[PDB]
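As structure tokens, one chain now follows by itself in the form deposited in one PDB entry.
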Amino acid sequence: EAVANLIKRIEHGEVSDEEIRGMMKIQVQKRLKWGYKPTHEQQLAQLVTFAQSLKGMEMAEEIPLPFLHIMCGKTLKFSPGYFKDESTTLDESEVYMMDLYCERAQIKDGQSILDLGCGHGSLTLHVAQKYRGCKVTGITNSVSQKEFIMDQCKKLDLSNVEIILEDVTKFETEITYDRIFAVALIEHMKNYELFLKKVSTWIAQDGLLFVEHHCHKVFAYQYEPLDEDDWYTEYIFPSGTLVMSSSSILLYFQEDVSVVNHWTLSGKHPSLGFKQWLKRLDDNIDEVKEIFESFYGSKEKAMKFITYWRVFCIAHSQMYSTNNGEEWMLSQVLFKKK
């Protein structure tokens, strides 16, 4: 009704960025009041019941490279950076975070490395160049992502990268790997039990699996609108029904792997990154328009996608900033095979 009509106003510029923030603040408080319970007994039961529900699901149920070069940092990382102090640039945050992944996943030169859902190869190429004795295998289901990475290997003279074009949920191999990364991938999964069971078979003897997931600190939820006045949910997530995990949810999925270590990082880090994405978009908006008009085939369709990404950045920067980054945040889990 108005949920369709309010959007078009935003796309015309009738809604300022601060009004967008004010709207998402309303969305945030409704989600938080929905998720929190007055007793720990109820709060825990809500989580366990949610985790059990994922076990009755399937394991799981496009963006122009020139645009990603503008919005994302130099490594095209499609996942948060680590900000030491916001003199930290977007480019610096990508490297800081990937070195943190390497430290926490206990990467050693010479190991075989598997990067599941490698995207445009930020971590695949980071590890391959930093540890030249490693063999790094990335898996992506995107032809253009694989082609970009293989082209980077040429420009960078890398001989130790292989990219496999597959659906991770259907992939099968007899090969095992010393280290497996899944950075911002379980966000696209539903039955974590089946996902971790399959991945576990790929872990070599004494190997490790490192997972980073966006989450809320306490509770988990499917992206379903909260009431009639909720537009964010189906605007940002039009199709499918994905899951926002909680920081502790993977602790309940240790049938085939066991937790070695578990960390969280404050929502400040993803918030600062989304702010940088928006700034880069805005500072180059004319070039963004030409890229999108060429790819999407018209001015109006180009500006709908531009509005999407701006709202995406503004809304998620507000969400992750909530209460000094102590609501939505990042969870990193290190697993060994079990």
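Whichever C-alpha set is largest while still superposing within 1.5 Å between the two forms counts as the rigid core. From 1 onward, residues are counted along the sequence shown. Shifts are known only where both forms have a C-alpha.
> Would you say residue 238 is missing from a third or more of the other compared entries?
Replying inline: Per the records, residue 238 is modelled in all the other entries.
>> For the other entries of this protein included in the comparison (both sides of the residue modelled), is residue 77 absent in a third of them or more?
In response: Yes, residue 77 lacks coordinates in at least a third of the other compared entries that model both of its neighbours.
>> Please classify the unmodelled stretch of the deposited sequence between residue 61 and residue 62: none, 1 to 3, 4 to 9, or 10 or more residues.
In response: The entry has a long gap there, with 10 or more residues left out between residue 61 and residue 62.
> Out of 187-195 and 94-102, which one has CA B-factors that are higher on average in the deposited record?
Replying inline: Per the PDB record, 187-195.
> Do the C-alpha atoms of 45-53 or of 287-295 have the higher average B factor in the entry?
Replying inline: Mean C-alpha B-factor is greater for 287-295.
> What's the residue among 234, 255, 109, 178 with the greatest CA temperature factor in the PDB record?
Replying inline: It is 234.
> Taking the C-alpha B-factors as the PDB entry records them, is residue 120 in the lowest, middle or highest third of its chain?
Replying inline: Its C-alpha B-factor belongs to the middle third of this chain's values.
> Going by what the PDB entry lists, where does residue 305 fall on CA B-factor within its chain: lowest, middle or highest third?
Replying inline: Its C-alpha B-factor, which the entry lists for residue 305, ranks in the highest third among residues of this chain.
>> Sorting by Cα B-factor within the chain, modelled residues only, which third would residue 327 end up in: lowest, middle or highest?
In response: Middle third by C-alpha B-factor.
> Among the modelled residues of its chain, does the C-alpha B-factor of residue 78 lie in the lowest, middle or highest third?
Replying inline: Its C-alpha B-factor belongs to the middle third of this chain's values.
>> Quick check for you: using the entry's CA B-factors within this chain, is residue 219 in the lowest, middle or highest third?
In response: Lowest third.
Missing here is the form deposited in another entry; even so, the following discussion is about that form.
> Would you say residue 21 moves its Cα by 2 Å or more between this form and the one not shown, aligning on the core?
Replying inline: Residue 21 C-alpha, core-superposed: shift of less than 2 Å.
> If we fit on the core, is the Cα of residue 10 displaced 2 Å or more between this form and the one not shown?
Replying inline: Yes; that C-alpha moves by at least 2 Å between this form and the one not shown.
>> In sequence order, what stretches of at least three consecutive residues shift by 2 Å or more at the Cα level between this form and the one not shown, with the rigid core held as reference?
In response: Only this run moves by 2 Å or more: 7-15.
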